[PDB]
Amino acid sequence: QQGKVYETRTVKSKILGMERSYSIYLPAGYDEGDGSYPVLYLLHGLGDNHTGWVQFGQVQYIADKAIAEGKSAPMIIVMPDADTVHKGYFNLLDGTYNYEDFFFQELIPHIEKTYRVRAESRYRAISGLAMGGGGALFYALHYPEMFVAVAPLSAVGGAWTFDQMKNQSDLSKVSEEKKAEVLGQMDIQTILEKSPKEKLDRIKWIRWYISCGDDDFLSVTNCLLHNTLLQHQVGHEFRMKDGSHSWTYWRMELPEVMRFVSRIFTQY
Amino acid sequence: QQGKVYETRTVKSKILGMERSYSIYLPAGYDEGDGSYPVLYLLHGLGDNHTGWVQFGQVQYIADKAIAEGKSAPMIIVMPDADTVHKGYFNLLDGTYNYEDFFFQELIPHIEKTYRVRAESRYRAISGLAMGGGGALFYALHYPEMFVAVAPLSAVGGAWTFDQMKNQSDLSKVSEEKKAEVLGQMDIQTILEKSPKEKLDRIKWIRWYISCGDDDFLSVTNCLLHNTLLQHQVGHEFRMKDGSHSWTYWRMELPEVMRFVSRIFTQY
Amino acid sequence: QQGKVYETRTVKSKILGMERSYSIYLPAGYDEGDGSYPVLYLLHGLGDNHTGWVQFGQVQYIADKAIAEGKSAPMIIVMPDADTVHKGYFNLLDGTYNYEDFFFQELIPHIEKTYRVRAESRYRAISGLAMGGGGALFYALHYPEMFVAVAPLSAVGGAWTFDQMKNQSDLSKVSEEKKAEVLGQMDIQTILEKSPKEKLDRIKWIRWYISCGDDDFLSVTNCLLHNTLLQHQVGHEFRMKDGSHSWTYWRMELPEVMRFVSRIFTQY
Amino acid sequence: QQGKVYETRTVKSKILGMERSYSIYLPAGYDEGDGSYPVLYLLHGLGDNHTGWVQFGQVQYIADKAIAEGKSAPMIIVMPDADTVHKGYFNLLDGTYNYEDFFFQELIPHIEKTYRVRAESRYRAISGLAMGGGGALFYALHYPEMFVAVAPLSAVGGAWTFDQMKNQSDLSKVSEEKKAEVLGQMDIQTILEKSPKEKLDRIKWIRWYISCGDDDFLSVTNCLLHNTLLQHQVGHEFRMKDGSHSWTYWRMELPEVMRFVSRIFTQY
Amino acid sequence: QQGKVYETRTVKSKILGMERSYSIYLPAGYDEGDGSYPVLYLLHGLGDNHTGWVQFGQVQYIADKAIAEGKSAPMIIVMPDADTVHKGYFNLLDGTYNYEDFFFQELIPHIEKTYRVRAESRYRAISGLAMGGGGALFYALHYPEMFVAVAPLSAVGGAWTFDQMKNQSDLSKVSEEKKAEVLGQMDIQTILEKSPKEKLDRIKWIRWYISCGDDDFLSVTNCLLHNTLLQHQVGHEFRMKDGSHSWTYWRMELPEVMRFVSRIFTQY
Amino acid sequence: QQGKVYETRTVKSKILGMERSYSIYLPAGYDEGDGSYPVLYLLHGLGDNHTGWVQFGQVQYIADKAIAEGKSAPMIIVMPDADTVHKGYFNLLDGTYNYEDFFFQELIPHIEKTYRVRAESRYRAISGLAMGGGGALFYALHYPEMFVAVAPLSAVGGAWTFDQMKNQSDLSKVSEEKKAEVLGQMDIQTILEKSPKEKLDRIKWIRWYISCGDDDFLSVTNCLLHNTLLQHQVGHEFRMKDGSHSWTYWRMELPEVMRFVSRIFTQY
Amino acid sequence: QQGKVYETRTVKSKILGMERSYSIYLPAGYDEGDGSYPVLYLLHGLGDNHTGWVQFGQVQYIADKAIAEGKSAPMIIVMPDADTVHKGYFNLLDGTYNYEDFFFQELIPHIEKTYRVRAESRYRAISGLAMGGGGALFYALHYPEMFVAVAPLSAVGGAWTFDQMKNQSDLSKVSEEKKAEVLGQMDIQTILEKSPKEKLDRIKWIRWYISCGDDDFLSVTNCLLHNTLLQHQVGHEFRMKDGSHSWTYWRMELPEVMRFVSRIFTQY
Ligand SMILES: COC(=O)/C=C/c1ccc(O)c(OC)c1
Ligand SMILES: COC(=O)/C=C/c1ccc(O)c(OC)c1
Ligand SMILES: COC(=O)/C=C/c1ccc(O)c(OC)c1
Ligand SMILES: COC(=O)/C=C/c1ccc(O)c(OC)c1
Ligand SMILES: COC(=O)/C=C/c1ccc(O)c(OC)c1
Ligand SMILES: [Ca+2]
Ligand SMILES: [Ca+2]
Ligand SMILES: [Ca+2]
Ligand SMILES: [Ca+2]
Ligand SMILES: [Ca+2]
Ligand SMILES: [Ca+2]
Ligand SMILES: [Ca+2]
């Protein structure tokens, strides 16, 4: 019936020079047997931290329920802290805080070393809300070879995030050529035009689930996102449901995301 | 428990010079008591006729169920034939087939004279799928004072419809001034910009429900519609659900449209 | 299991010099057997008429459901039109439109003459919403011998009602002496203080059910009403539920009202 | 699915010079994982002590049920003893028994030190019945920066509370200037008029839930409370349900209070 | 809601020189409204007549139940008599009894003239068991333009059906050159090999549903049927379920057959 | 009531010269009491290994559910790895990898030594999908005295398996005489033709359950298999259901397989 | 969900000079937390002992069920042995066996010292069947200050009990003065007539629940009991249900008795 959540553990980070918090959900029966589990990475929005999906998202109750009902297979859920010191998911322009490198080169290997994890792309999915939707969306466009499924909920656009990366950086130390380079790497249109054939095929191979409420100011951002993906022939599932920019929407979508990624993990 | 459907009745049209077919759904208890009912106009798509919402849409079973369960209050459903002679809902460019004039000046008054109908805008709503979604959309943008609720399902765009009016017309007799004028009356951007305040207020006061499946080729048209409406401050409900250009989608949506318009008929 | 509604029947009034509309709900089985039924008079709000409880209140579906479930015993529901010519339930101050006289001397005797009605006080109740809630409240305070139960929903106060009576009157024909007298007859504090013992006792014998939503602008009016009745030792049931000034509130309250008066008609 | 209750633990009070009893409810799964929880302070009425909400309120069964069904998120419930030595929640006028200082400077820090509590305003709510309803009400009017939600049930008034503080004080040592000072601090009208703008805004930011039975002698006090709050534009949810001054009323409201505060803890 | 069955009606047949019996199931509500219905032709097995699907198949109960639950749309079910005079569905080789001619030239037009039928191939399906399963299959391979859906249940093969045609014939009147041709028209391998592209494509457009129990002596014939169709790229739905050559098997498949054809009639 | 899965335990093979992986499912309550269990050996398909039925087949959830509902009696499920070094279940022709000998002489004795197993043929069954369906089928045809029930799901044929033995072997060291010898040992027709009466009788005593989806490319293989068994009077259960070569099909059949073998273990 | 029963524990009795057996039901969760519980003393009938309510009454299942459903709050149930040495609940007339004194001075204090019991009259109730109905009835009439609720089931009368006390005694050492005094102390009419105002008011404060089946030989005794209590204005609930002198009756009443006493323990 019931799994458990740890909120106070950390990963020793040399790239960020600190102990980084994360939360982790372990499914019921993680402590019995010796088997391993797939992992869902679940990213919070602006203002919250690694307790957001725990306290507001009610991840323990919602995942316990979905797994016991058979709506989802057992999985591990990992919730990073992207609020302490700097807010956001990407490497800053001044070179002083490379959070994206921390995620792929330190957090993911730590999870695989510490917990009983199936450590392959086919067992790794990523999702998030608002700021974390943009995080999940662009993590997968940068490293499509790391994920099998991606689920941006109420996702911010590339322009919003690049604005956050500039406001968070010391712009006196950043040249104009470097601003132009990262601006292009945070634009969904430019990434798809400039991707080599191998990259674009991995992007088409990823299973995408993109959802947003219709009374959300981000509905326009996500309708433009849907049109861009069809224009580049990236098949995906797209939902615009009754809802707003609120935790009512995200607690309702969480079991849908789990059912979506769980079927990819188990195949069908 | 059970209402009834008549498929074979006609209305004698002076504008079109012929008897025009329609099907009509009367709710259960229509023959008991003396009260009157609100009306939903339900328009078919390209290739089908007045039997379309009857045979494919299964209107009798679905409305019988929604009304018996209380999801919808009792109402009349009218399904006009827009297939015979010429296909489409609008006046052709050559002046030989003014179907839109027929709808508003002959069909609606005939229904209100023949059946026990509450003959007011506050009790009159319109919906349709594909070609009929574009019909419901542009019928309401032309005569916004005529409806309280409008529900385009998988609706075609204005450019698609204007192309249909050209194909069906004798363009040898049509001047370039008329071609340019009618295109502007079939463009939603243009109508909203050229409307006086009294007209634009009535368009915002209409309660809109716009729904389309994500695996439909029209999903892009309807996402662009959602953006255009927001840009002009037309509040509306927008849904993009899992589904395609098929009768599974429209039979799923029919009881939603009925609950949507029923709450407006009864207030809430 | 389905009853029926007549909307188009009238009653010939000498007091008002015209045919006055009413609506009537007859329970299932009215046309089999020869028995008689109690009556609930159900009053609409300002701007609406005798169709209001039919179309907005959905009286037919709600009454059919409550009687078939046994939540209520079978009863007749009468819905008078207090909208045509003048809006309101009371005698105008200029003497040209004595609606309250019509209600008690012509409508109530007519209903008892035309339909199979148990014509005693113990089988007659009155209820209404907003304007009609104030109507029901003061109809019973003026003629307490006429009802066994009274249920004001979201009721306006006497001050609101008196103000509305003046606007509809030709105040050139009205003396200040009559204005002060009528003001006192539309004030609950005055009526309870100035009633002889015989009248005040009948007021206490009536079973009162007073309900209003907390997000209603009339919530303060109805809280003051609860305090006044307690201050004069008039027992009543009082409900302030989650809700607003809406037909969602009043369609919810109709089955509670029907269970309330039904239990009094049948005893317990 | 079962949590647990501790009744026999105490807090060592420097202010009251004794070990002070409290009861605490820990939710299911409190022992597994390392996370923290929000806290609801739940105050008993006159005559009961820290065992009242346990034995009469049946907090363990009711909270176990609401949390397992998902009607509430997991929370900690703390039940202070306000009966031993003196009955009541406030500082006595003679200076020998400052229970209110005890509550805020000793009990709240003790809970946050001893249990895994999210120790912020946004994760702290307070509720109580009768005497404790007034206690919850005026604790929050005195220290509004401490709470995010307040739920007085069948609450006693400000005058009743000030009367208790006097009967419980030795008045020979009490000056007349102080009596008038505390009289004003235990009056809601006085507090709302005389609070500076920063306090008054914080009172409006709190989420209020006020409930009382219609057959309670205190129904008048709480209806006057409803009117006073609207007069000062402090929005709140107000309920007057069928019920009396009884543990039937309070056992029914306990899960409604839990759902109310839980939605505030989790956001929506 | 119950439909009805007529057993005793006949069609006056010039080809067979007699009145031919049939049974017909008309759905609930056939006698209200004026609409039309699709038709399922339902063929009995050897030894039975037009009462077989009525008395043994229990078509009234099964069709009333499937239609009311919404598992199937309303349809007409026609059950021809192929037992009187001679047993079988095909023209006997001696030219004296052209039952296949009777079915397509007299029975189908008579049903369409007498009942409210949608008279098009897109609204016409055929099914049967054993002898009638072979009948449905070879009717559709001979006249593929007549059906949209075909459902042989526990069908006999072409050789068994041809052998029955010989044994019932007067061989004094049979030419051997025609006998050899008809043997080839009653062999599925031969029909598909000899079909021109227009015929072969129409056969692939028909929707096939082939079902047979695994404990049936005919399971081998129907597995070979499945192998032949795939060898010729005729996509179809094939079911081998637990069951025998019995009315337990056929009563279970009848609602499955109805759901299969209903969705094709209504589209999806 | 939850059982448990072990994935990381091995068996020391003298025949294969390495530690060989397997997974094992132990039912709930295996750790209470001293009783013994029957065993189902469950073989994966090509490309997966011993975690395939665990991660994709979800054996833990599906077996936990079937046993708790009583659809199946408690049993042990053993899932061997036939992927490492060489893919497949049979002895290679070059003599370097005799996997079939390993299975019967090392793996089965190890399970019976290590876990509480009823070590008799009447308590031993075998099943699998695709490559593993052929494994189960030909494992049972070679040593039929080892199993009481066999369940090939979507099984490959013997020719498919013989092709795998050739492609996986170094054929330079293999004589033509040996190629002909094993070819005959991997053909179902040949095995049944040459079996002595004792072997043939035990094959008929085995209870066979053969299931395949109709939209699977292997459906022709299994229809031919059904025909072959009937020609040799090998009674069996045969199912052809709606489905493809997918884990939806195989997760659906696993509880059907468990119910089938459980009923044989317990008798009926 | 499940509590537990101890049958083999004993109280060391100075009054009876021996270890006395009792059985005890502890509710689920007794071993978690530190809280205390109310106590129901539950007395057996003639012939049974402290195992009677356990084996025949099935108290463990019935109390587990009533408490888990919330029909009763958790309580401790103590079942004393009144069978060993002498049968009955009262002091023998010869002074050699003061069973009633043992009950009040040794059994009740031992329970409160040994288990976590709320040791006040308001948390103490008594019930019993047959002989134990008379015991519970007359214990409460003798020591009314000890109980808050009393529930005699199918109770014997005082005359029967006094007959039991004599037959169990050595009457040669008992004077006629003691015989007459005890007869009056075991008669319900006499106890109520001679009780001072302090005792009679506590008798009226106790909540009584007296139940007996209609086909029971004691139905007449308990009808007279109902008559006696009413004549002295002792309010009580009285039930005469279908049933006999059997454990079907007493197993039916046990959850009613638990609900009755629970609501007194919790208030309502
Ligand atoms: C319009 O785009 C934006 O302004 C993005 C908001 C934003 C940007 C950087 C931050 O560090 C931050 O944290 C408070 C918020
Ligand atoms: C881009 O717009 C189009 O494709 C027009 C399709 C079309 C238009 C008019 C018709 O009468 C019609 O009938 C078959 C089809
Ligand atoms: C109207 O105000 C009142 O009556 C105050 C009642 C009261 C006050 C203090 C107490 O310690 C107490 O103990 C029983 C009762
Ligand atoms: C005729 O069927 C075939 O070709 C069998 C496919 C096959 C055979 C052996 C393998 O080791 C293998 O590895 C991926 C695949
Ligand atoms: C009918 O009157 C009676 O018999 C009194 C019952 C009774 C009395 C004393 C006993 O020791 C006893 O144990 C069997 C039963
Ligand atoms: Ca899709
Ligand atoms: Ca909305
Ligand atoms: Ca509100
Ligand atoms: Ca009341
Ligand atoms: Ca079988
Ligand atoms: Ca298929
Ligand atoms: Ca009886």
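Residues numbered from 1 in each chain as written, not as in the entry; some residues may be left out. Chains lettered and ligands numbered in written order. Part of a larger assembly, values for the part shown. Heavy atoms only, no water. Residues with missing side-chain atoms left out of burial classes, pairs and counts.

For this entry, the PDB record names X-ray crystallography as the structure determination method and reports a resolution of 2.7130 Å.

If you check the PDB entry, chain A appears there as Ferulic acid esterase from Bacteroides thetaiotaomicron VPI-5482.

## Re the coordination of the calcium ion (ligand 9)
Looking at the metal site, the calcium ion (ligand 9) is ligated by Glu237(C) (OE), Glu237(C) (OE), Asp214(D) (OD), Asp215(D) (OD) and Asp215(D) (OD), spaced 2.3 to 2.6 Å from it. The exposure class of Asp214(D) is buried, given its relative accessible area of 5%. (Donors = N, O, S within 2.8 Å, 3.2 Å for Na, K, Ca; no water. Buried < 20%, exposed > 50% of the residue type's maximum accessible area, 1.4 Å probe, protein only.)

## Structural notes on the site of ligand 3
Residue and element names in this part refer to chain D. Lining the immediate surroundings of ligand 3 are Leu46, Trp160, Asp163, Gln164, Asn167 and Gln168. Here ligand 3 has 410 Å² of accessible area as a free molecule, and 61% of this is covered by the chains. Of the residues contributing to the shell around ligand 3, the split by class is two nonpolar, three polar and one charged. (Near = heavy atom within 4 Å. Areas by Shrake-Rupley, 256 points an atom, 1.4 Å probe, with all protein chains shown as cover. Nonpolar A, V, L, I, M, F, W, Y, C, P; charged D, E, K, R; others polar.)

## Let's talk about the coordination of the calcium ion (ligand 12)
Residues and elements named next belong to chain G. Within the protein, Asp215 (OD), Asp215 (OD) and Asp242 (OD) serve as the donor atoms for the calcium ion (ligand 12), at 2.0 to 2.8 Å. One end of the pair, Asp215, is in the loop between strand 8 (207-213) and helix 9 (219-231); the other, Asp242, is in the loop between strand 9 (236-241) and helix 10 (247-266), with 27 residues separating them in the sequence. Across the pair, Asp242 and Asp215 agree in class, each one exposed. (Helix = DSSP H or I, 4+ residues; strand = E, 2+ residues; numbered from the N terminus.)

## Regarding the UniProt feature "binding site: Ca(2+)" (unreviewed entry) in chain A
UniProt's entry tags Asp214(A), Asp215(A), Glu237(A) and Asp242(A) with the feature "binding site: Ca(2+)" (unreviewed entry), counted in the numbering of this structure. Classification of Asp215(A) by relative accessible area gives partly exposed; the value is 43%. Excluding its chain neighbours within four sequence positions, the residues that come into contact with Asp215(A) are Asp242(A), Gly243(A), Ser244(A) and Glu237(B). Looking at where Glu237(A) falls in the secondary structure, it is placed in strand 9 (residues 237-241). With residues near it in sequence (within four places) discarded, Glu237(A) still touches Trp208(A), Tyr209(A), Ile210(A), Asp214(B), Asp215(B) and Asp242(B). (UniProt positions renumbered as here; feature names shortened; annotations may be inferred. Contact = heavy atoms within 4.5 Å.)

## Brief notes about the relation of the copies chain C and chain B
If you rotate chain C by 71° and push it 0.1 Å along the axis, it lands on chain B with an RMSD of 0.2 Å. Each copy turns onto its partner about a five-fold axis. Closest approach to the rotation axis among the C-alpha atoms of chain C is made by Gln1(C), whose C-alpha sits 8.3 Å away. (Least-squares fit on C-alpha atoms.)

## Some remarks on the interface of chain C and chain B
Tallying the contact residues gives 16 residues for chain C and 18 residues for chain B. Both faces considered, chain C and chain B share a buried interface measuring about 1300 Å² in area, 44% of it formed by carbon and sulfur atoms. Along the contact surface separating chain C from chain B lie one salt bridge. In this structure, the connection of chain C to chain B is made through seven residue pairs in polar contact. Contributing elements (two or more residues each) for the side of chain C that touches chain B: strand 1 (4-6), helix 1 (52-55) and helix 10 (247-266) of chain C. Here the side of chain C that touches chain B is built from residues that sort into six nonpolar, six polar and four charged. (Buried area = accessible area lost by both parts, 1.4 Å probe. Salt bridge = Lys/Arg side-chain N within 4 Å of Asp/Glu carboxyl O. Polar contact = N/O pair within 3.5 Å; in protein donor to acceptor, adjacent residues only side chain to side chain.)

## Notes on the side chain of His86(F)
Mapped onto the elements, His86(F) comes out in the loop between strand 5 (76-80) and helix 3 (99-114). Filtering out sequence-adjacent residues up to four positions away, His86(F) remains in contact with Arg20(F), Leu92(F), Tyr97(F) and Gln168(F).

## What to know about the arrangement of the chains
Nothing in chain C touches chain F; the tightest C-alpha to C-alpha distance between them is still 36 Å. Regarding chain B and chain G, which are not in contact, the minimum distance between any of their C-alpha atoms is 32 Å.

## Side note on the interface of chain D and chain C
Residue-level contacts link 16 residues of chain D with 16 residues of chain C. Between chain D and chain C, roughly 1300 Å² of surface is buried when both sides are summed, and carbon and sulfur atoms account for 49% of that area. By the criterion of area lost to chain C, the three top residues of chain D are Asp214(D), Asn227(D) and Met240(D), representing 32% of everything that side buries. Seen at the junction of chain D and chain C, the total is four salt bridges.

## What to know about the relation of the copies chain D and chain C
Screw-axis analysis of chain D against chain C gives a translation of 0.2 Å along the axis, an RMSD of 0.2 Å, and a rotation angle of 180°. Interpreted geometrically, this transformation is the action of a two-fold axis. For chain D, the minimum C-alpha distance to the rotation axis belongs to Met240(D) and amounts to 2.5 Å. Interface overlap between copies: 100% of the residues of chain D at the interface are likewise at the interface in chain C, consistent with a symmetric, same-surface contact.

## Notes on the environment of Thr8(D)
As for its placement among the helices and strands, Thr8(D) is situated in the loop between strand 1 (4-6) and strand 2 (10-13). A distance of 2.6 Å separates a polar atom in the side chain of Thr8(D) from a polar atom in the side chain of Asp34(G).

## Some remarks on the pairing of strand 2 (residues 10-13) of chain B
Residues and elements named next belong to chain B. Only one face of strand 2 is buried, namely the one carrying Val11 and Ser13, since none of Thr10 and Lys12 on the opposite face is buried. Bridge analysis of strand 2 against strand 3 (residues 18-26) gives four bridges, and the strand direction is antiparallel. Residue pairing for strand 3: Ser13 is matched across the bridge by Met18. With antiparallel pairing between neighbouring strands as the criterion, strand 2 and strand 3 make up a hairpin whose turn holds four residues, including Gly17 at a positive phi of roughly 65°. (Pairing = 2+ DSSP bridges.)

## A short note on the packing of helix 5 (residues 158-168) of chain C against helix 6 (residues 176-185) of chain C
All names here are of chain C. For the pair helix 5 and helix 6, interaxial distance at closest approach is 9 Å and the crossing angle is 145°. The two elements helix 5 and helix 6 cross, and the hand of that crossing is right-handed. Two secondary-structure elements touch here, helix 5 through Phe162, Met165 and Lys166 and helix 6 through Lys179, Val182 and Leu183. Residues of the contact of helix 5 with helix 6, tallied by class, amount to four nonpolar, no polar and two charged. (Axes fitted to C-alpha atoms, helices over the stretch in contact; angles between N-to-C directions. Left-handed = near helix turned anticlockwise from the far one by under 90°.)

## Description of the nonpolar core
Membership of the largest hydrophobic core comes to 122 residues, with the highest contact counts inside it found for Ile76(A), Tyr139(A), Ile76(B), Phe103(B) and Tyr139(B). Listed in part, the 120 residues of the second largest apolar core include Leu92(C), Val150(C), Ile203(C) and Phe104(D). (Core = buried A, V, L, I, M, F, W, Y, C linked by side-chain atoms within 4.5 Å.)

## Re the site of ligand 5
All names here are of chain G. In the neighbourhood of ligand 5, the contacting residues comprise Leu46, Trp160, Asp163, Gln164 and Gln168. One of the side-chain nitrogen or oxygen atoms of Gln168 is found 2.4 Å away from an oxygen atom of ligand 5. Within the complex, 56% of the 400 Å² of free accessible area of ligand 5 lies under protein.

## Concerning the packing of aromatic side chains
Inspection of every chain in the model, using the stated rule, returns 120 aromatic pairs over all chains. Look at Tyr89(D) and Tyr99(D): their rings are 5.9 Å apart centre to centre, the planes differ by 85°, and that puts the pair in the edge-to-face class. Residue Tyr89(D) is located in the loop between strand 5 (76-80) and helix 3 (99-114), and its partner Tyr99(D) is located in helix 3; the two are separated by ten residues in the primary sequence. Each member of the pair, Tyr89(D) as well as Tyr99(D), carries the same accessibility label: buried. Cation over ring: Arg118(E) sits above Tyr123(E), and NZ or CZ is 6.0 Å from the ring centre. (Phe/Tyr/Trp six-rings, centres within 6.5 Å; stacked < 30°, edge-to-face > 60°. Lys NZ or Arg CZ within 6 Å of the ring centre and 35° of its normal.)

## Looking at unusual backbone geometry
A negative phi holds for most residues other than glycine; trans holds for most peptide bonds. In this model, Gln233(A) sits at a positive phi of 65°, which is unusual for a non-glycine residue. By the secondary structure assignment, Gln233(A) is in the loop between helix 9 (219-231) and strand 9. Judged by relative accessible area, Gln233(A) falls into the exposed class, the value being 61%. A positive phi is found at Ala130(B), a non-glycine position, where the angle reads about 60°. With respect to the helices and strands, the residue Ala130(B) is situated in the loop between strand 6 (124-129) and helix 4 (131-142). A relative accessible area of 7% means that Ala130(B) is categorised as buried.

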